[PDB]
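Beneath this line is the structure, given in structure tokens, with notes to follow.
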Amino acid sequence: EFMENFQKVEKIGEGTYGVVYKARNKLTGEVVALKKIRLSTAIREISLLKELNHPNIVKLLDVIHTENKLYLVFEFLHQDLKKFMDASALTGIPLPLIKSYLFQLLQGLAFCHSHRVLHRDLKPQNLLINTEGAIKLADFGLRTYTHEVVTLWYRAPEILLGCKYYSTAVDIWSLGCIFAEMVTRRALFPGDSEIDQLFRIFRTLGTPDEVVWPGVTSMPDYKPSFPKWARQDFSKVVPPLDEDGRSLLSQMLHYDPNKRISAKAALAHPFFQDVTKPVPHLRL
Ligand SMILES: Cc1ncc(-c2ccnc(Nc3ccc(S(C)(=O)=O)cc3)n2)n1C(C)C
């Protein structure tokens, strides 16, 4: 019944919760992204997200509950960062554009974190970009319905070690992983299981201990039998990124979530002293 309001133009995602269509509001001709989830607590919580409006958050226009389906109607953007990263792979995204995207995402996070909203599943597939140089956070997250594996590559270590309470720091870790990936053109920690993800982190950043992360050894999934890898330098991890970028990235990848840089503090980092807003070249 609801779909009679909307012309499905094409399928754009098999999102974490459901399928997303580009669609055209049959009466207004507004073009939107429409997410169909298959099925009260959620209705109330998701309805509150209609108020979490910011230029770097994809605008949630409406939330419809009808006939054991939840539909979410969003402002439409034309592509994700994953596709831009894959397209820019031979050449690299120019540093000023990486910088601008990071700064923008940080502004978005600072906003939602100030309102005690976490994302919990940041990844290149839910960062969306336009021709005007904007990037926006989509698909806030609290197998897929198509049985596709949900990616672990940007999961913070506290999640992987079983922490029950997430803090805003989980987002900062995800974004640091994405920043590194923009710079190097390869995923930082491409785990293909929970333990493979954790051990990739450990192999690059050192196996965490009580010195760098007090309370780590008391975590639910911590095991004394984890191998003990020494830390590597960042100069090896994200060459040829400059000192300011390296320093920022190191702070976004602190193990302790209480030491990890906040979005707000990251926006003050000297890395952004010369930030600008370049226009990407998009082929739509
Ligand atoms: C999970 C989710 N919920 C809402 C969206 C959403 C919201 C706004 N616009 C879009 N547009 C879009 C996404 C990806 C691509 S493509 C060709 O690069 O795959 C093309 C256009 N999508 N999404 C996205 C993240 C699928």
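Letters for chains follow the order of the structure tokens (A, B, ...), residue numbers begin at 1 for each chain, and ligand numbers begin at 1 in the order shown.
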Dump as JSON lines the rows for residues of chain A within 7 Å of ligand 1: closest atom pair and distance in Å with one decimal, only C-alpha atoms and all ligand atoms counted, ordered by chain and rising residue number.
```
{"residue": "A:12", "atom": "CA", "partner": "ligand 1", "partner_atom_place_in_ligand_line": "19 (O)", "distance": 5.0}
{"residue": "A:13", "atom": "CA", "partner": "ligand 1", "partner_atom_place_in_ligand_line": "26 (C)", "distance": 4.2}
{"residue": "A:14", "atom": "CA", "partner": "ligand 1", "partner_atom_place_in_ligand_line": "26 (C)", "distance": 6.9}
{"residue": "A:15", "atom": "CA", "partner": "ligand 1", "partner_atom_place_in_ligand_line": "1 (C)", "distance": 4.1}
{"residue": "A:16", "atom": "CA", "partner": "ligand 1", "partner_atom_place_in_ligand_line": "1 (C)", "distance": 6.5}
{"residue": "A:20", "atom": "CA", "partner": "ligand 1", "partner_atom_place_in_ligand_line": "26 (C)", "distance": 5.7}
{"residue": "A:22", "atom": "CA", "partner": "ligand 1", "partner_atom_place_in_ligand_line": "11 (N)", "distance": 6.9}
{"residue": "A:33", "atom": "CA", "partner": "ligand 1", "partner_atom_place_in_ligand_line": "8 (C)", "distance": 5.0}
{"residue": "A:35", "atom": "CA", "partner": "ligand 1", "partner_atom_place_in_ligand_line": "3 (N)", "distance": 6.0}
{"residue": "A:58", "atom": "CA", "partner": "ligand 1", "partner_atom_place_in_ligand_line": "8 (C)", "distance": 6.3}
{"residue": "A:74", "atom": "CA", "partner": "ligand 1", "partner_atom_place_in_ligand_line": "7 (C)", "distance": 5.5}
{"residue": "A:75", "atom": "CA", "partner": "ligand 1", "partner_atom_place_in_ligand_line": "8 (C)", "distance": 5.5}
{"residue": "A:76", "atom": "CA", "partner": "ligand 1", "partner_atom_place_in_ligand_line": "9 (N)", "distance": 3.9}
{"residue": "A:77", "atom": "CA", "partner": "ligand 1", "partner_atom_place_in_ligand_line": "9 (N)", "distance": 4.0}
{"residue": "A:78", "atom": "CA", "partner": "ligand 1", "partner_atom_place_in_ligand_line": "21 (C)", "distance": 4.2}
{"residue": "A:79", "atom": "CA", "partner": "ligand 1", "partner_atom_place_in_ligand_line": "18 (O)", "distance": 3.7}
{"residue": "A:80", "atom": "CA", "partner": "ligand 1", "partner_atom_place_in_ligand_line": "18 (O)", "distance": 3.9}
{"residue": "A:82", "atom": "CA", "partner": "ligand 1", "partner_atom_place_in_ligand_line": "18 (O)", "distance": 6.9}
{"residue": "A:83", "atom": "CA", "partner": "ligand 1", "partner_atom_place_in_ligand_line": "18 (O)", "distance": 5.4}
{"residue": "A:125", "atom": "CA", "partner": "ligand 1", "partner_atom_place_in_ligand_line": "25 (C)", "distance": 5.5}
{"residue": "A:126", "atom": "CA", "partner": "ligand 1", "partner_atom_place_in_ligand_line": "25 (C)", "distance": 3.9}
{"residue": "A:127", "atom": "CA", "partner": "ligand 1", "partner_atom_place_in_ligand_line": "25 (C)", "distance": 6.6}
{"residue": "A:128", "atom": "CA", "partner": "ligand 1", "partner_atom_place_in_ligand_line": "13 (C)", "distance": 6.5}
{"residue": "A:138", "atom": "CA", "partner": "ligand 1", "partner_atom_place_in_ligand_line": "25 (C)", "distance": 5.7}
{"residue": "A:139", "atom": "CA", "partner": "ligand 1", "partner_atom_place_in_ligand_line": "3 (N)", "distance": 4.6}
```
Just list the residues in range 121-269 of chain A DSSP gives alpha helix (DSSP H) on the backbone, as a PyMOL selection string. chain A and resi 157-160+169-184+194-205+234-237+243-252+263-267
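In this comparison, which uses only C-alpha atoms, the residue of A:93, A:219, A:237, A:253 approaching residue 173 in chain A most closely is A:253.
The nearest approach to residue 207 in chain A among the residues A:190, A:84, A:185, A:157, with only C-alpha atoms taken into account, belongs to A:157.
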Considering only C-alpha atoms, return as a compact mmCIF listing (two decimals) with N, CA, C and O atoms, in the first residue's frame whatever protein or nucleic-acid residues lie within 8 Å of residue 203 in chain A, sequence-local ones (same chain, fewer than 6 positions apart) excluded.
```txt
# COMPACT_ATOMS: atom_id res chain seq x y z
N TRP A 229 52.25 -9.50 20.46
CA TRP A 229 52.89 -8.82 19.35
C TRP A 229 53.38 -7.45 19.78
O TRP A 229 52.73 -6.77 20.54
N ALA A 230 54.58 -7.10 19.34
CA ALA A 230 55.08 -5.73 19.61
C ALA A 230 54.39 -4.73 18.73
O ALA A 230 53.95 -5.04 17.61
N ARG A 231 54.29 -3.50 19.19
CA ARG A 231 53.74 -2.45 18.34
C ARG A 231 54.65 -2.08 17.15
O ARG A 231 55.85 -2.09 17.29
N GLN A 232 54.05 -1.69 16.02
CA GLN A 232 54.79 -1.06 14.90
C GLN A 232 54.69 0.45 14.85
O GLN A 232 53.75 1.02 15.38
```
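Our summary of the geometry notes that CA of residue 239 in chain A is positioned 8.1 Å from CA of residue 183 in chain A.
The neighbours of residue 226 in chain A here are the residues that come within 9 Å of it, using only C-alpha atoms and leaving out any residue fewer than 3 positions away in the same chain; they are residues 199, 207, 222 and 223 of chain A.
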When you count only C-alpha atoms, which of these residues is closest to residue 52 in chain A: A:227, A:240, A:108, A:257? A:108
Using only C-alpha atoms, determine which residues lie at most 9 Å from residue 61 in chain A, disregarding the query and same-chain residues fewer than 2 positions distant; provide the list as a VMD selection string. chain A and resid 32 50 59 63 72 to 75
Selected residues written out, C-alpha atoms, as a JSON list (two decimals), in the first residue's frame:
```
[["chain", "number", "residue", "atom", "x", "y", "z"],
["A", 32, "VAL", "CA", 14.61, 9.98, -1.95],
["A", 50, "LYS", "CA", 14.17, 12.66, 12.85],
["A", 59, "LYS", "CA", 18.49, 13.71, 6.68],
["A", 63, "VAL", "CA", 9.56, 6.93, 9.51],
["A", 72, "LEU", "CA", 12.64, 5.00, 6.46],
["A", 73, "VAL", "CA", 12.69, 7.88, 3.92],
["A", 74, "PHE", "CA", 15.93, 9.83, 3.52],
["A", 75, "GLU", "CA", 17.31, 12.64, 1.48]]
```
